[PDB]
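Input: a single structure, listed below in structure tokens.
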Amino acid sequence: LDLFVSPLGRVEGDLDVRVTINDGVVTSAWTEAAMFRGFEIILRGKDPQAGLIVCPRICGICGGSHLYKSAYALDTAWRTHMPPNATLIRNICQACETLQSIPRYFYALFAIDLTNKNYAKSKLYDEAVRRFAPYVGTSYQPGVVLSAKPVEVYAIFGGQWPXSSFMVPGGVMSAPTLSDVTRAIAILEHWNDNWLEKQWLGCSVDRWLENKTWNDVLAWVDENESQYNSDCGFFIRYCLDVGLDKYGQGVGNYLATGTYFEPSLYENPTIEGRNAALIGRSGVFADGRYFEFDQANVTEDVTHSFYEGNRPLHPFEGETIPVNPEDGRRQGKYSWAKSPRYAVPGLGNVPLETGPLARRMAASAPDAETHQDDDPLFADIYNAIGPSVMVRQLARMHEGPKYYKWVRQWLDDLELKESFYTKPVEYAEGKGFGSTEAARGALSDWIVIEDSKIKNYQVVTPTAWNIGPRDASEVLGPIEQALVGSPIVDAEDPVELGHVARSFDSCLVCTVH
Amino acid sequence: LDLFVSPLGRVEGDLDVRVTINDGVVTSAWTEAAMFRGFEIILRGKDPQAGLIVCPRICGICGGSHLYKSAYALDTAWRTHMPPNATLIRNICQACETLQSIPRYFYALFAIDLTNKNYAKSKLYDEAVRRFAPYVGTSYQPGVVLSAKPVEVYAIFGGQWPXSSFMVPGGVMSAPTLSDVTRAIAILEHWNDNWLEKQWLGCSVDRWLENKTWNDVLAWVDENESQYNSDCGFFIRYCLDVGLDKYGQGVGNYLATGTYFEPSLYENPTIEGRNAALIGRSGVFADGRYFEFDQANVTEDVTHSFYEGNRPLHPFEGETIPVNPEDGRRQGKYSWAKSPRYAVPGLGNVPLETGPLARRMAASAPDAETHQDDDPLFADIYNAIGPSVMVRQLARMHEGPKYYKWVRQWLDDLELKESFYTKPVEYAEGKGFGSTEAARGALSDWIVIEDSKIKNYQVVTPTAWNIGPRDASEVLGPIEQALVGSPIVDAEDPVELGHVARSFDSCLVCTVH
Amino acid sequence: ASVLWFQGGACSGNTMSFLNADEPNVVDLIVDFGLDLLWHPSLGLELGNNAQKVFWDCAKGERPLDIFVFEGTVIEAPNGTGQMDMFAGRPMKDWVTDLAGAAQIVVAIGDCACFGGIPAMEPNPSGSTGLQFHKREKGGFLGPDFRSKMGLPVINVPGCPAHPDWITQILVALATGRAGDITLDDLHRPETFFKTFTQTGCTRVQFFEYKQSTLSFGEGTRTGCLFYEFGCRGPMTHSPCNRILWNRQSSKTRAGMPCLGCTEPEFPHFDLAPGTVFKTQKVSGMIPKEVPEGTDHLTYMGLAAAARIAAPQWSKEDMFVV
Amino acid sequence: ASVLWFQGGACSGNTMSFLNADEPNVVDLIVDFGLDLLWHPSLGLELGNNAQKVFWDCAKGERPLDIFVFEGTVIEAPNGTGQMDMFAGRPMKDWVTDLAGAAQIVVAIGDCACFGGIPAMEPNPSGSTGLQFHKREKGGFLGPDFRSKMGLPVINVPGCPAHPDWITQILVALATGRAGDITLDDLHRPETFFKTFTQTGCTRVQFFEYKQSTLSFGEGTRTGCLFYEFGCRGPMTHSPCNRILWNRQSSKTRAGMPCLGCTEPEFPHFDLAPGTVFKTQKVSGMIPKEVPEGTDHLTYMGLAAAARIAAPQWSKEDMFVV
Ligand SMILES: CC1=CC(=O)c2ccccc2C1=O
Ligand SMILES: CC1=CC(=O)c2ccccc2C1=O
Ligand code: FCO
Ligand code: FCO
Ligand code: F3S
Ligand code: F3S
Ligand code: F3S
Ligand code: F3S
Ligand code: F3S
Ligand code: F3S
Ligand SMILES: [Mg+2]
Ligand SMILES: [Mg+2]
Ligand SMILES: [O]
Ligand SMILES: [O]
């Protein structure tokens with residue numbers, strides 16, 4: 001059965017999913033990013049810092065992540081100096097945006113599908129409806145309402161959220177005061193207590209982070225009533241009851257560009273020194289092996305994308321040349337999403353799933369430095385039960401407690417008497433690579449500055465990695481493969497497709513920019 | 001047994017209570033207001049509008065009420081014109097301050113005593129501890145936290161709360177915009193939904209206001225789980241279980257000066273036209289009869305107060321001449337609270353209990369006009385079970401739903417294109433009487449302006465009415481009589497004295513000013 | 001009132017900003033204010049044909065559509081077909097045509113919908129335009145004469161993104177019977193928010209008054225005004241951003257970021273041409289090319305010169321200290 | 001850290017303002033920030049001897065007292081005995097002496113505690129004074145040389161009342177290890193809040209810049225600055241009141257009320273003498289007797305004259321419109 005789902009909403013933009021269903025299971029899937037704005041085209045010839053304004057407008061939910069990497073692209077391009085405080089503020093605000101995204105997406109974009117009638121027979125369905133029903137869910141309302149708190153911290157340092165450009169080459173525009181930091185801590189603590197611990201976990205962030213294995217997570221759910229009936233515990237039990245752990249596995253190969261630089265190790269941002277300075281480690285997990293991320297291995301294919309091109313392009317020389325969808329579809333093109341691929345040795349240019357799960361696998365890589373995230377939890381989950389909608393979601397929600405602690409510590413680390421900005425030299429020439437881990441995964445900017453102008457500006461967003469269409473080798477993108485194998489109980493309401501696409505927290509505005 | 005409780009806290013100021021306990025029951029009580037600031041003395045010779053600044057500083061919790069009546073004292077003194085919008089804003093802000101006071105006082109000042117060990121044997125004690133425990137009570141935290149919302153509305157129109165003086169002769173200083181009113185409605189609706197309906201009532205404000213009899217209140221508690229387990233329903237059940245309905249009866253005679261003028265009926269404030277224009281009706285309920293309030297019948301006695309004077313003074317000619325407490329106690333004086341008394345025909349100058357209960361009885365008076373509060377609920381409660389700590393409290397919490405609806409309607413009534421202020425003539429001469437119903441009851445200002453100066457400024461606060469000491473006839477003040485008959489299970493922790501004094505929401509800073 | 005929220009050439013920033021709403025929050029606004037949010041791309045439960053059924057009913061008049069909120073640009077490329085924005089089986093522009101004409105009120109939220117915004121910057125690959133404006137030029141996609149069924153033009157709630165209050169308070173006013181209190185300026189913006197300037201309430205106006213310039217970012221923003229060296233457009237930008245603080249915390253200018261004039265139709269001003277980002281265009285290095293709204297260079301510079309001489313010492317020192 | 005909050009010649013406004021705290025709220029501050037609120041007159045569970053036991057332990061050093069918060073004046077009348085303020089069996093001043101000397105930090109919250117405030121206005125019947133100040137004169141009740149056990153003077157959190165953030169953020173800083181980031185001005189006020197002026201962030205500074213005066217209250221406050229006709233002290237008052245909005249909504253000046261200068265030690269300024277309430281004292285009806293801080297009459301008036309001539313049209317019209 002050929003099924004075309006249009007629109008598949010709650011993916012931050014326009015998504016149309018075409019699947020071939022055989023015996024109730026998706027055998028093939030096509031992800032169609034249907035909206036294009038061409039910010040990369042617009043950025044050409046613009047001020048070198050125009051990305052700080054434009055790139056956040058790629059996306060409302062993850063625009064601060066765009067700002068973070070857009071600034072670091074300039075920091076590397078202009079060989080700037082990053083005062084430790086500025087790095088902390090960037091880290092805090094990047095994490096805070098993600099901390100806002102995690103509940104906002106989970107309740108508003110993802111969890112409401114748990115009330116789908118396909119689960120009506122579940123003993124937990126009524127509770128899921130009470131909790132996650134749109135706009136009235138007892139967990140929906142506070143989770144969504146409180147999701148604004150972390151970005152209040154962002155606004156404290158950035159002036160506002162969304163739509164700040166306060167991360168500039170050389171640091172940040174802002175000069176946080178004592179009340180800014182204390183208020184930010186108070187907001188973060190209140191949000192962590194009120195939502196993350198009381199609602200999501202039913203326990204302390206520390207208790208959740210003691211989970212180093214899948215069995216620990218299962219035991220954590222059954223340890224006591226609070227964790228059992230927490231949104232996390234209920235979600236895990238609901239997933240295991242309704243089968244969200246059975247599909248959405250996807251490629252099983254992951255890309256994490258990492259973010260959250262250790263301030264002392266990225267005072268002079270460079271492309272080469274990026275990986276070592278990361279706290280949230282970069283890492284490519286493919287074929288069961290850990291690889292060090294190298295932006296040089298990133299290529300974007302547009303064979304099935306509505307762009308001109310015949311071979312994969314590294315984003316430094318990347319092009320965004322639209323083709324009319326009418327003509328593109330005659331050539332087999334079906335998405336405005338490029339097809340980012342990573343050159344993994346022995347595997348060639350392969351799709352890599354980006355997102356929290358990718359980060360969690362990267363954090364499980366060996367040889368972690370002291371400042372680096374070293375978490376074996378999702379290596380064990382990956383080996384124990386493998387990827388799925390549930391595991392992918394749990395990776396996302398696992399970062400809440402993890403990032404909260406990082407932000408809480410970074411706020412303490414701020415030395416308010418010290419510099420937040422080093423006046424950079426606005427070099428007329430420079431190639432910059434800024435990358436971060438937006439809430440949805442690896443977000444990367446490749447910028448080429450020439451004649452004090454943006455010569456080239458290529459943005460590869462995490463959902464482009466995940467939702468990008470088939471490459472020249474017809475290899476499905478991570479979401480497309482994750483969709484493959486997804487059961488379809490009701491073709492009229494193919495919620496399982498939404499689960500898989502939303503389990504990636506897919507952002508279509510990011511996908512295409 | 002002669003017991004001296006010092007300090008009896010959570011009465012907004014310094015209170016020392018002396019009681020004579022016989023067989024576990026208070027037979028005599030003395031209320032000692034122990035802190036004096038002399039604002040009436042300070043106001044002498046000051047700018048005629050100095051009360052708008054000084055009088056709010058009489059009290060933090062009820063300062064806006066002071067501002068409300070202080071402004072109306074000037075409006076009457078200067079025969080000003082009050083645009084309907086200004087009256088609405090004054091009404092809204094007066095009610096909003098009271099709406100803030102009701103939960104803040106109930107949870108922070110009163111309900112925590114419900115966790116007293118004297119109730120350890122109650123089947124509801126554990127639940128009371130979980131709900132009303134200080135700073136951790138599941139009802140304490142949201143009730144106190146949300147109590148700030150109504151005064152956000154106050155701040156929208158007054159700039160801040162506490163400590164605005166934006167109510168001026170001729171109207172209000174502020175010029176509310178559309179966003180001010182819409183935000184005020186949104187804040188009020190959120191507060192009503194989140195605390196008043198979900199937490200306090202477990203039902204709509206409309207449902208609670210359908211209660212016209214004590215039996216209706218009892219049936220309302222048992223009607224369903226939400227109302228049964230609401231703070232209101234639990235409080236009623238807790239009071240009936242632990243005996244808070246058995247004592248704290250007090251005088252049984254009540255003074256309500258009323259507030260919340262109908263805008264069309266008080267455009268030109270006068271002393272004579274005040275009562276008719278009131279929405280929250282004035283009224284003196286004494287000896288089971290309803291009397292119309294007349295400020296001319298108000299006298300303040302200082303026989304047992306630390307002030308000079310030999311006869312009761314009407315506040316227009318009132319004096320605030322301190323005597324040293326050391327010398328005053330040799331003369332039988334024991335409080336900085338004056339002894340306000342009301343001349344009720346046939347009864348002479350009698351103490352009158354002020355507060356929500358007084359208002360509720362006034363609202364039950366006959367011949368209510370269409371704009372006037374007509375509520376027979378507490379006439380029935382008064383006849384059915386009489387006054388008590390519980391009934392007094394219920395009157396306070398009954399006004400939450402009632403005042404919320406009034407404020408919600410007043411916000412709608414605002415005509416944002418119309419005037420909020422009529423430039424008054426700052427007459428060098430004038431006698432003004434401004435009165436309102438602060439959260440704690442009848443709050444009244446008698447101001448005499450001469451030579452463009454404050455010649456006399458007398459403030460009679462609701463807790464002065466309630467907590468004022470014995471008058472020249474040795475007649476106990478309403479709280480003193482309410483304390484009489486109160487059981488004392490534990491002399492070391494005489495919580496029952498706190499219940500009675502706090503059931504009046506006693507404010508000692510107001511008492512003395 | 002039924003609300004249909006569509007995203008064209010959008011980044012969803014106005015939705016996310018909208019979701020940050022407080023007093024009322026989005027959930028209370030959707031549920032507790034009688035505003036039936038029929039669908040929203042970021043929040044709507046329906047997908048596929050189920051979502052299309054809602055859209056078509058509104059488009060064809062089967063069910064009432066009281067408020068049509070459009071976020072993002074109306075994408076007309078390629079060649080006016082709008083296929084660079086395909087939504088629910090149609091070009092988004094086609095949905096806009098039907099839903100805007102079927103809606104009692106049409107609200108353009110964000111510069112993209114109001115005026116074209118960032119996607120409308122040259123070369124405008126998506127053929128982006130606002131609903132009723134293309135930058136400052138009235139007419140946009142729907143035409144200058146478009147009026148909703150209640151006779152109102154597209155209510156432009158500008159911003160990149162719009163502040164939640166700029167939309168929610170309008171929605172509350174509509175829900176609370178205060179639609180008549182809503183007055184719109186020449187750009188169809190609610191004057192209750194856009195009669196003020198971004199500079200209105202800015203913490204640096206005193207520095208602006210005394211022409212004390214923020215010289216550097218970071219700790220340099222502890223003093224001074226961003227007008228002179230960072231191209232702050234606050235004095236030329238109509239907004240409550242420093243009256244109604246962003247996220248209830250701050251604003252760009254308070255935090256040390258120049259106002260980009262994102263409530264004004266020309267945003268991004270100068271299309272972020274080289275030298276115009278976080279810089280004040282000046283003539284001879286001293287005279288700003290753009291002076292505050294309602295001012296002329298001669299009087300502004302003369303007043304500025306007098307202000308510098310009269311500048312108090314504190315205006316030259318850090319004020320936003322730790 | 002143990003917190004003991006006492007009220008002397010207080011109205012509890014700082015407590016009520018404190019209770020309005022958000023980010024953090026009071027409950028989270030008391031519970032979730034390690035700040036053990038031993039007692040508070042408005043919130044303390046203990047009464048009678050049980051409360052006295054807590055006070056004496058702090059006073060006598062039986063239990064640690066980290067932060068002693070004093071609200072209200074130190075009442076010394078009659079004749080320096082303090083019996084106009086009897087608390088827990090002693091004059092409140094005696095408690096202040098013991099607890100301030102036993103406390104690691106002493107915080108005066110509100111003008112009353114900081115400087116004497118309203119109760120200290122003449123004739124000062126209560127003999128009120130601040131902890132370490134009497135109006136602007138240093139020394140108050142504890143003396144100029146008083147230092148807490150951590151070597152700090154009385155931390156003056158002024159205001160009538162103090163904004164919750166002015167105290168809670170300080171308490172958070174102490175609780176989060178940022179006591180060293182707290183810098184105090186000459187009045188012992190936290191510079192993080194009191195280096196700005198009330199005018200800093202006021203929505204009327206543009207009118208002030210162009211010397212456009214609010215002429216009347218109510219709808220007259222839709223335009224203009226309150227300095228010239230309503231005696232606004234914002235330019236002479238150090239406060240974040242328009243940076244950190246009151247109740248997260250507004251401030252006096254934004255709402256149309258002149259700043260009374262209540263963060264300054266002289267508050268109430270001129271002791272609310274006739275003609276000084278909501279009026280600007282002027283010489284010859286044109287020159288304000290008090291000019292903004294750091295300015296002189298000659299340059300201010302000269303700049304003011306130039307500003308009027310250069311005043312743009314919008315500065316003379318309503319801006320805070322419906
Ligand atoms: C001409 C001029 C000079 C400044 O130094 C300055 C500083 C801050 C804001 C504006 C200005 C300005 O307009
Ligand atoms: C001299 C003078 C004249 C004004 O009109 C004015 C208006 C608003 C604020 C201040 C002023 C001022 O100082
Ligand atoms: N998170 C996020 Fe957005 C996507 N995809 C970016 O970058
Ligand atoms: N409410 C209140 Fe305060 C008292 N008593 C006043 O007036
Ligand atoms: S927030 Fe986004 S939708 Fe448009 S107006 Fe700004 S780019
Ligand atoms: S006063 Fe503020 S709004 Fe911009 S021009 Fe100066 S930073
Ligand atoms: S850029 Fe826009 S959000 Fe406000 S501060 Fe300037 S009008
Ligand atoms: S709020 Fe009250 S306690 Fe003193 S400082 Fe002001 S009179
Ligand atoms: S700018 Fe504002 S602070 Fe007062 S002096 Fe004018 S109203
Ligand atoms: S009176 Fe005080 S509260 Fe602020 S606005 Fe002025 S400093
Ligand atoms: Mg790209
Ligand atoms: Mg009195
Ligand atoms: O995203
Ligand atoms: O009070």
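The way I read the labels, and the way they are meant: chains A, B, ... in the order of the structure tokens, residue 1 as the first residue of every chain, and ligand 1 as the first ligand shown, with later ones counted on from there.
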Any residue with an atom at most 6 Å from ligand 9 counts, using only C-alpha atoms and all ligand atoms. Which are they? Put them as a PDB file with N, CA and C atoms, in the first residue's frame.
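After the write, part02.pdb holds the following:
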```
ATOM      1  N   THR D 198      16.399  54.598  38.922  1.00  0.00           N
ATOM      2  CA  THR D 198      15.018  54.266  38.610  1.00  0.00           C
ATOM      3  C   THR D 198      14.713  54.640  37.173  1.00  0.00           C
ATOM      4  N   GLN D 199      15.276  55.759  36.722  1.00  0.00           N
ATOM      5  CA  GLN D 199      15.111  56.185  35.343  1.00  0.00           C
ATOM      6  C   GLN D 199      15.720  55.197  34.370  1.00  0.00           C
ATOM      7  N   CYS D 202      13.285  53.296  32.451  1.00  0.00           N
ATOM      8  CA  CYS D 202      11.968  53.900  32.495  1.00  0.00           C
ATOM      9  C   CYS D 202      11.467  54.105  31.076  1.00  0.00           C
ATOM     10  N   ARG D 204       9.734  56.437  30.028  1.00  0.00           N
ATOM     11  CA  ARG D 204       9.544  57.853  29.756  1.00  0.00           C
ATOM     12  C   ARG D 204      10.853  58.604  29.567  1.00  0.00           C
ATOM     13  N   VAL D 205      11.987  57.903  29.539  1.00  0.00           N
ATOM     14  CA  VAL D 205      13.270  58.588  29.435  1.00  0.00           C
ATOM     15  C   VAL D 205      13.361  59.364  28.134  1.00  0.00           C
ATOM     16  N   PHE D 208      11.861  62.429  28.847  1.00  0.00           N
ATOM     17  CA  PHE D 208      12.820  63.147  29.671  1.00  0.00           C
ATOM     18  C   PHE D 208      13.945  63.714  28.821  1.00  0.00           C
ATOM     19  N   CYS D 225       7.296  62.662  30.596  1.00  0.00           N
ATOM     20  CA  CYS D 225       8.081  62.249  31.738  1.00  0.00           C
ATOM     21  C   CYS D 225       7.562  62.965  32.976  1.00  0.00           C
ATOM     22  N   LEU D 226       7.641  62.278  34.105  1.00  0.00           N
ATOM     23  CA  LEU D 226       7.076  62.758  35.356  1.00  0.00           C
ATOM     24  C   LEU D 226       8.020  63.672  36.118  1.00  0.00           C
ATOM     25  N   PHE D 227       9.206  63.928  35.576  1.00  0.00           N
ATOM     26  CA  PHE D 227      10.200  64.708  36.296  1.00  0.00           C
ATOM     27  C   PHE D 227       9.713  66.120  36.571  1.00  0.00           C
ATOM     28  N   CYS D 232       9.156  63.446  39.923  1.00  0.00           N
ATOM     29  CA  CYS D 232       9.792  62.148  39.813  1.00  0.00           C
ATOM     30  C   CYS D 232      11.264  62.277  40.153  1.00  0.00           C
ATOM     31  N   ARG D 233      11.726  61.391  41.022  1.00  0.00           N
ATOM     32  CA  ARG D 233      13.098  61.382  41.489  1.00  0.00           C
ATOM     33  C   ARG D 233      13.935  60.328  40.795  1.00  0.00           C
ATOM     34  N   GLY D 234      13.442  59.775  39.697  1.00  0.00           N
ATOM     35  CA  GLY D 234      14.113  58.695  39.029  1.00  0.00           C
ATOM     36  C   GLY D 234      15.546  59.023  38.662  1.00  0.00           C
ATOM     37  N   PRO D 235      15.775  60.213  38.101  1.00  0.00           N
ATOM     38  CA  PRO D 235      17.145  60.590  37.727  1.00  0.00           C
ATOM     39  C   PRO D 235      18.066  60.796  38.911  1.00  0.00           C
ATOM     40  N   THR D 253       7.049  54.639  37.651  1.00  0.00           N
ATOM     41  CA  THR D 253       7.181  55.627  36.592  1.00  0.00           C
ATOM     42  C   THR D 253       6.560  55.130  35.299  1.00  0.00           C
ATOM     43  N   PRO D 258       5.269  59.186  39.806  1.00  0.00           N
ATOM     44  CA  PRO D 258       6.653  59.632  39.958  1.00  0.00           C
ATOM     45  C   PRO D 258       7.399  58.752  40.943  1.00  0.00           C
ATOM     46  N   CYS D 259       8.670  58.522  40.648  1.00  0.00           N
ATOM     47  CA  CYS D 259       9.540  57.891  41.621  1.00  0.00           C
ATOM     48  C   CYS D 259       9.677  58.799  42.832  1.00  0.00           C
TER      49      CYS D 259
END
```
Distance-based interface of chain B with chain C, 12 Å, counting only C-alpha atoms, as a ChimeraX atom specification: /B:149-150,152-153,156,175-194,408-409,411-418
For CA of residue 317 (chain D) and atom 7 (C, counted along the ligand's line) of ligand 2, the interatomic separation in Å (one decimal): 13.1 Å
Contacts to ligand 1 at 8 Å cut-off (only C-alpha atoms and all ligand atoms) as a list in words: residues 207, 208, 209, 210, 211, 212, 213, 214, 224, 225, 226, 227, 228, 229, 286, 287, 288, 291, 300, 301, 304, 305 and 308 of chain C
Let me see the file: selected residues, N, CA and C atoms, as a compact mmCIF listing (two decimals), in the first residue's frame.
```
# COMPACT_ATOMS: atom_id res chain seq x y z
N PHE C 207 22.26 56.87 28.61
CA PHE C 207 23.48 56.97 27.82
C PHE C 207 23.18 57.56 26.45
N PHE C 208 22.08 57.14 25.85
CA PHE C 208 21.66 57.72 24.58
C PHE C 208 21.40 59.21 24.73
N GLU C 209 20.72 59.60 25.81
CA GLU C 209 20.44 61.00 26.05
C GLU C 209 21.73 61.81 26.10
N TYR C 210 22.75 61.27 26.76
CA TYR C 210 24.03 61.93 26.90
C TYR C 210 25.04 61.45 25.87
N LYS C 211 24.59 60.69 24.88
CA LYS C 211 25.43 60.30 23.76
C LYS C 211 26.70 59.62 24.25
N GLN C 212 26.54 58.76 25.24
CA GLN C 212 27.61 57.90 25.72
C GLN C 212 27.46 56.54 25.06
N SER C 213 28.46 56.16 24.29
CA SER C 213 28.36 55.02 23.40
C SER C 213 28.95 53.78 24.06
N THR C 214 28.22 52.68 23.94
CA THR C 214 28.83 51.38 24.16
C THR C 214 29.93 51.20 23.12
N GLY C 224 26.82 52.64 28.44
CA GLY C 224 26.66 53.22 27.13
C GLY C 224 25.44 52.72 26.40
N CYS C 225 25.17 53.39 25.29
CA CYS C 225 24.08 53.07 24.40
C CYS C 225 24.65 52.47 23.12
N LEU C 226 23.90 51.55 22.54
CA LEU C 226 24.34 50.79 21.38
C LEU C 226 24.08 51.50 20.07
N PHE C 227 23.50 52.70 20.12
CA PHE C 227 23.12 53.39 18.89
C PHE C 227 24.33 53.71 18.03
N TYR C 228 25.40 54.19 18.65
CA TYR C 228 26.46 54.87 17.92
C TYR C 228 27.48 53.94 17.30
N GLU C 229 27.78 52.81 17.94
CA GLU C 229 28.79 51.90 17.43
C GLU C 229 28.25 50.54 17.02
N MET C 286 31.29 60.20 12.04
CA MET C 286 30.76 60.90 13.20
C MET C 286 29.24 61.01 13.21
N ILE C 287 28.63 61.23 12.05
CA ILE C 287 27.19 61.49 11.95
C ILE C 287 26.51 60.18 11.56
N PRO C 288 25.65 59.62 12.41
CA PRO C 288 24.91 58.42 12.00
C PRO C 288 24.08 58.71 10.76
N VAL C 291 19.05 58.76 11.97
CA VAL C 291 18.84 59.40 13.27
C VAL C 291 17.54 58.86 13.85
N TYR C 300 19.54 66.74 15.85
CA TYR C 300 20.03 65.61 16.62
C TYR C 300 21.51 65.76 16.94
N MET C 301 22.31 66.10 15.93
CA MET C 301 23.74 66.29 16.15
C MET C 301 24.00 67.47 17.07
N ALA C 304 22.99 66.30 20.34
CA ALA C 304 23.99 65.31 20.74
C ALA C 304 25.26 65.99 21.22
N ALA C 305 25.70 67.02 20.50
CA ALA C 305 26.89 67.75 20.91
C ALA C 305 26.69 68.38 22.28
N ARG C 308 26.77 65.64 25.03
CA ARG C 308 28.10 65.18 25.40
C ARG C 308 28.76 66.13 26.40
```
Who sits within 10 Å of residue 55 (chain D), only C-alpha atoms, same chain under 4 positions skipped, as a ChimeraX atom specification: /D:4,6,38-39,49-51,59-63,65,88,95,98-99
Atoms to include: N, CA, C and O atoms. Write the selected residues as a compact mmCIF listing (two decimals), in the first residue's frame.
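Written file, out.txt:
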```txt
# COMPACT_ATOMS: atom_id res chain seq x y z
N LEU D 4 17.44 34.66 60.21
CA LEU D 4 16.51 35.16 61.20
C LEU D 4 16.02 36.52 60.72
O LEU D 4 16.83 37.44 60.54
N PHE D 6 13.65 39.66 61.48
CA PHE D 6 12.97 40.40 62.53
C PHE D 6 12.36 41.66 61.95
O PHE D 6 12.87 42.24 60.99
N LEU D 38 15.04 30.44 60.17
CA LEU D 38 14.75 30.02 61.54
C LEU D 38 13.42 30.58 62.01
O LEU D 38 12.62 29.86 62.62
N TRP D 39 13.17 31.85 61.74
CA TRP D 39 11.93 32.47 62.17
C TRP D 39 11.69 33.73 61.36
O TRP D 39 12.62 34.34 60.82
N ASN D 49 7.29 31.39 74.01
CA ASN D 49 8.60 30.94 74.46
C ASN D 49 9.31 30.11 73.39
O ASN D 49 10.54 30.15 73.30
N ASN D 50 8.55 29.35 72.59
CA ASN D 50 9.18 28.57 71.54
C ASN D 50 9.92 29.46 70.56
O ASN D 50 11.05 29.16 70.16
N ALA D 51 9.29 30.57 70.16
CA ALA D 51 9.97 31.54 69.30
C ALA D 51 11.12 32.20 70.04
O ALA D 51 12.20 32.40 69.47
N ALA D 59 20.86 34.98 69.61
CA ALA D 59 21.42 36.13 70.31
C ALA D 59 22.61 35.74 71.16
O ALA D 59 23.63 36.44 71.18
N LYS D 60 22.51 34.62 71.88
CA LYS D 60 23.56 34.17 72.78
C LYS D 60 24.60 33.30 72.10
O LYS D 60 25.56 32.89 72.76
N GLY D 61 24.44 33.00 70.82
CA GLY D 61 25.40 32.18 70.11
C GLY D 61 25.23 30.69 70.30
O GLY D 61 26.12 29.93 69.92
N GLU D 62 24.11 30.25 70.89
CA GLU D 62 23.89 28.82 71.06
C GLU D 62 23.79 28.12 69.71
O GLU D 62 24.30 27.01 69.54
N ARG D 63 23.13 28.75 68.74
CA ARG D 63 23.01 28.23 67.39
C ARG D 63 23.52 29.27 66.40
O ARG D 63 23.39 30.47 66.65
N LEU D 65 23.85 31.96 63.55
CA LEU D 65 22.99 32.89 62.83
C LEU D 65 23.81 33.44 61.67
O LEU D 65 24.70 34.27 61.87
N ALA D 88 9.16 39.97 72.00
CA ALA D 88 9.68 38.79 72.69
C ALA D 88 10.27 39.16 74.05
O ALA D 88 11.30 38.63 74.46
N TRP D 95 17.17 43.28 70.83
CA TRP D 95 17.32 42.13 69.94
C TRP D 95 18.26 42.45 68.79
O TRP D 95 19.11 41.64 68.42
N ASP D 98 21.95 42.33 69.88
CA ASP D 98 22.48 40.98 70.08
C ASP D 98 22.55 40.22 68.76
O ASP D 98 23.58 39.60 68.45
N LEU D 99 21.48 40.26 67.98
CA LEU D 99 21.41 39.43 66.77
C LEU D 99 22.31 39.98 65.67
O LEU D 99 22.94 39.20 64.94
```
Determine, counting only C-alpha atoms, which protein, DNA and RNA residues have an atom within 9 Å of an atom of residue 206 (chain B); residues of the same chain fewer than 3 positions away are not included. Present the result as a PDB file with C-alpha atoms, in the first residue's frame.
```
ATOM      1  CA  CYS B 203     -14.682  23.494  41.698  1.00  0.00           C
ATOM      2  CA  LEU B 209     -21.098  30.923  45.264  1.00  0.00           C
ATOM      3  CA  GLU B 210     -24.218  28.790  44.824  1.00  0.00           C
ATOM      4  CA  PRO B 401     -14.543  33.648  44.488  1.00  0.00           C
ATOM      5  CA  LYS B 402     -16.787  36.646  45.113  1.00  0.00           C
ATOM      6  CA  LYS B 405     -15.830  37.687  39.831  1.00  0.00           C
TER       7      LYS B 405
END
```
